[PDB]
Student: 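Pasting a structure below so you can have a look.
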Amino acid sequence: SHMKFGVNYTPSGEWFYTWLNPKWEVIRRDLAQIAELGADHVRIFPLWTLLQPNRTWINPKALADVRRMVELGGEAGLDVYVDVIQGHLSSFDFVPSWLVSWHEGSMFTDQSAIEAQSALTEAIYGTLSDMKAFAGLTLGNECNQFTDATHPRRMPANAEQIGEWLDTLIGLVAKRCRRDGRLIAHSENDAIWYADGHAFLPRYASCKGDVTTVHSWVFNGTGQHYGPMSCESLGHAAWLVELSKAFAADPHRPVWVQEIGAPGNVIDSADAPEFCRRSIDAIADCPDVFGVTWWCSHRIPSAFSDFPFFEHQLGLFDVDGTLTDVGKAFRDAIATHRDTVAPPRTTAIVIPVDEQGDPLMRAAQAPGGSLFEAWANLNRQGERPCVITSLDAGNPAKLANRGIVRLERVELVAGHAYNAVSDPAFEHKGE
Amino acid sequence: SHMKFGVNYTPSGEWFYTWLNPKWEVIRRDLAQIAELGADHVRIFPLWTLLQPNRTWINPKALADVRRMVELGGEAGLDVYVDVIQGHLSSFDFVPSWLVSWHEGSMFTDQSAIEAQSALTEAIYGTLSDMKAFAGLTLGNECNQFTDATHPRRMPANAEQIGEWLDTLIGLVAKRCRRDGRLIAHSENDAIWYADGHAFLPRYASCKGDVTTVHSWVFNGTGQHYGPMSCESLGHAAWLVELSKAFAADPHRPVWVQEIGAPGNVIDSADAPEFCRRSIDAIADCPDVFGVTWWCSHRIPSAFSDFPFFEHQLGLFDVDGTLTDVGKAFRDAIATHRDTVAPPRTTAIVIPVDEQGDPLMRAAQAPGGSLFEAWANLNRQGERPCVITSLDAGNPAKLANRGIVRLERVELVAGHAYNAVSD
Ligand SMILES: CC(=O)N[C@@H]1[C@@H](O)[C@H](O)[C@@H](CO)O[C@H]1O
């Protein structure tokens, strides 16, 4: 299998505020620039506040604007993946008025809100279903952040309710997607892998939807604790790939590195091209990688305020469309790994899990944890490790299915390097 | 003085959700209907989330759409008053992403947020400054609800900080408004009059800005406690008018009944037309009333959810564009009171206040309180009462300035009917 290469599309000039009045000629130029990198896809982000301003009214103009952006992606030669519910983007929440303050509720447990998200998922798919360039959808960007204990306006849910939420929304379109040749996925930030007590469970990402998504951001403590250009940092995206497979029922389920960037709050801007190149080298040595989607296409204009300062500099293109040095590195990484095939990984570290296949201690597989470091140490040694659970460790069918010949046991100890936020201004904000 | 008559404009068909993609031919039809009533003005409500999606970027298309709505109001023969910051509408909050959750802050005390609201106020005035139909500006609809303790995501502030917030935003445009022939005002819900401990103080509404605004809603406990068609309920808007004057430094400052409706959660729908007519009768007998602005023009379509159901029925025009029975009553009230001049009110009840002019007990002037009931009882008796503070009572200059010849002193007794419901 060969990896797809794509970009998370942040519109130049107006960022996601462009949805208020999209400048289609600029958007056309944006997408042509992305296609010229050699990218085969983009991921795009409509805003929930504009799509569904009332629980029972979806704005047809917002739907038509999503269709027009998909249309222009196809005209640039790009497949277009659409995230349905934002929801959350770049430290900001976009929640419709009917779910805040006087109408505060949980998108995960309020049945009328679930029905609204169901209507929106169906409306987005149905609006785009006739489009050759529409490649698939993700329920929404890192929606799990809303239910984590760290969120300042937390939407409550237990793990069973999260599973029902995922099953409900994915089940609306899964068969259509299967018949049409499209993808359905969901997306969580790395709390699903790292945060003990978090209501989204690893197996949800690795078993629900068509492909596992991971978002790899080394400002999560990895770059700070080990160094921005350490093997732990450069291999972090590959670690998430291999970690996620331990919780997959399917031994060859594809893993989508749906976000990776070189954040300037931990990586020096002069090192970002090398971080890009070497992170993708490590990803390409993991089998069954669905693709790599870089964050992000275009720098945020300096006129916009309240972003973490590093966010402004994440773009492959500057605000006028000029290719940045990281853009050159991503372009070159695409050319390098267009046909890279990773050989099987045959030495596995074992994650102790409970009877449901959930980790006994997610902190042990977080930065600084024993499982995190056991994998990093073997990768550093050239052993190319994979990851399984203790349940699978006693199932030769699954082991043979994955080609695993060697097992390494490791005891659980929490790391303390993991930080659940990307800026110190967002810390200590739980209710 | 003669009263203006206007309507709070809720766009037909799509409500304030139309701002995403306004249907200008429908909006033109909406405004023509309002003018056909005999209304001389509308009050309109852009959304803060669309105007200012980033703290340091105001959306030019959102500004242009406000300009276009004002233009169409003028073409219908209407003056247009614009509320800058919504903020709050019909039980919903519209707060930009840069002031929520991970970026949660208080619009009243966060200096960077205050500068953003300043930039937005200046952008709205400047966008509209060349429009003949642009008549004035209100800072925002019932902005004080964000700082009330009842708010689930409260923006904290003390009373001094609220005064500074008002002074800052009003001062940006007050001189321009005066030179241009326009109005600057601010708007609070009735917590300012009724809620002990609330950081917005009565004197703020009656002294800051060019006219006092009141929003009169008898679901605040008045209709529940006395009855929807009682004199206490029918006179509630006139009560707010006369109560507000007690805290004004200017003895003839105009009072704008900027919202009044007949809410179906307390008033039977069959009684709403007579509630309209008789409430305006009582308002029309108060001097210096700037105008009466009915809530609202057009009913919310039944396809939209999560509104308190009574809210759906508040429009003067039905979802099919037909004039409702309340619309007929409002139309007739305009014709009845176009030329009404209210004679001076000369018997005053006295509100005990402290040395800063703030009430000793706001609950006593709230529904069920002795001062509330003293006014309602005198008005029912035909005594046409007004209201002063205990400070005004020992100041013959002000007394003579208002023509007050008789005082009624009242013992303080707290009311308990106020239920803090403003939506
Ligand atoms: C409040 C905050 O910083 N949230 C960020 C989020 O924007 C980002 O997408 C995610 C990536 O894992 O990391 C979180 O910490």
Side-chain angles (χ1 to χ4, degrees), chain A residues 7-10 15-16 43-45 47-48 83 85-95 138-155 186-195 198 200 202 205 212-225 233 236-237 239-241 243-244 256-267 275 279 292-297 300 304-315 362 365-367 372 417-431, chain B residues 54 97-105:
Chain A
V7 188
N8 290 280
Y9 174 40
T10 52
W15 196 67
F16 298 114
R43 181 170 167 238
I44 68 171
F45 307 91
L47 299 183
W48 193 9
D83 275 51
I85 307 169
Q86 286 67 240
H88 187 72
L89 291 163
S90 300
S91 87
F92 294 99
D93 288 347
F94 302 90
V95 181
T138 306
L139 295 187
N141 183 53
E142 304 175 358
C143 300
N144 66 312
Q145 69 104 40
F146 283 109
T147 203
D148 191 71
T150 58
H151 193 283
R153 292 181 179 191
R154 180 182 186 186
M155 298 178 176
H186 59 103
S187 159
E188 291 79 49
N189 66 27
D190 60 20
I192 189 169
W193 310 112
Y194 293 160
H198 187 68
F200 281 72
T212 303
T213 67
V214 300
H215 294 181
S216 180
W217 289 105
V218 292
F219 53 59
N220 65 4
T222 300
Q224 297 94 327
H225 183 262
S233 177
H236 184 268
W239 155 246
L240 287 186
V241 169
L243 168 67
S244 76
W256 184 2
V257 181
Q258 190 185 50
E259 293 186 4
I260 176 176
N265 56 350
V266 292
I267 299 152
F275 181 91
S279 291
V292 178
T293 308
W294 195 263
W295 189 282
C296 57
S297 62
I300 301 170
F304 299 152
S305 297
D306 297 325
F307 289 87
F309 279 155
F310 77 85
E311 293 268 1
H312 285 274
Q313 293 304 305
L314 289 170
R362 262 181 282 194
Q365 67 196 37
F372 187 97
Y418 181 56
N419 50 29
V421 293
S422 77
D423 201 285
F426 307 140
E427 73 189 42
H428 287 98
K429 266 183 152 297
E431 273 145 298
Chain B
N54 186 274
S97 59
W98 51 268
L99 215 44
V100 312
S101 67
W102 301 111
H103 301 269
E104 182 125 0

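Just follow the structure's listing: the first ligand is 1, and inside any ligand the first atom is 1. Order of the sequence lines fixes the chain letters, A, B, ..., with proteins taken first and strands second; residue numbering starts at 1 for each chain. Side chains included, hydrogens not; waters and symmetry mates left out as well; all remaining heavy atoms used.
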Student: Centres of the A:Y9 and A:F45 rings: under 6.0 Å?
Tutor: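 Not under 6.0 Å, so no.
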Student: N or O contacts of ligand 1 with protein under 3.5 Å, please list pair by pair.
Tutor:
unit_1: ligand 1; atom_1: 3 (O); unit_2: A:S422; atom_2: N; d: 3.2
unit_1: ligand 1; atom_1: 3 (O); unit_2: A:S422; atom_2: OG; d: 2.8
unit_1: ligand 1; atom_1: 7 (O); unit_2: A:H88; atom_2: NE2; d: 3.0
unit_1: ligand 1; atom_1: 7 (O); unit_2: A:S91; atom_2: N; d: 3.2
unit_1: ligand 1; atom_1: 9 (O); unit_2: A:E142; atom_2: OE1; d: 2.7
unit_1: ligand 1; atom_1: 9 (O); unit_2: A:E142; atom_2: OE2; d: 3.2
unit_1: ligand 1; atom_1: 15 (O); unit_2: A:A420; atom_2: O; d: 3.2
unit_1: ligand 1; atom_1: 15 (O); unit_2: A:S422; atom_2: N; d: 3.3

Student: Who passes ring-ring contact (aromatic ring centres under 6.0 Å, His included) against A:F307, sequence neighbours left out?
Tutor: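 Partners of A:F307 under the ring-ring contact (aromatic ring centres under 6.0 Å, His included) test: A:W15, A:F92, A:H312.
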Student: Quick one: list whatever passes side-chain contact (heavy atoms from CB on, under 4.5 Å) with A:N419, sequence neighbours left out.
Tutor: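 side-chain contact (heavy atoms from CB on, under 4.5 Å) check on A:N419 returns A:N220, A:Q224.
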Student: Tell me whether the centres of the aromatic rings in A:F219 and A:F310 are closer together than 6.0 Å.
Tutor: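 So the answer is yes for these two rings.
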Student: With sequence neighbours left out, what residues match A:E427 under salt bridge (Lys or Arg N to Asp or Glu O under 4.0 Å)?
Tutor: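 For A:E427 there are no salt bridge (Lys or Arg N to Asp or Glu O under 4.0 Å) partners, ignoring immediate neighbours.
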Student: Which pair of heavy atoms, one from A:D93 and one from B:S97, lies closest together, and at what distance?
Tutor: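 That would be O-CB, 3.3 Å.
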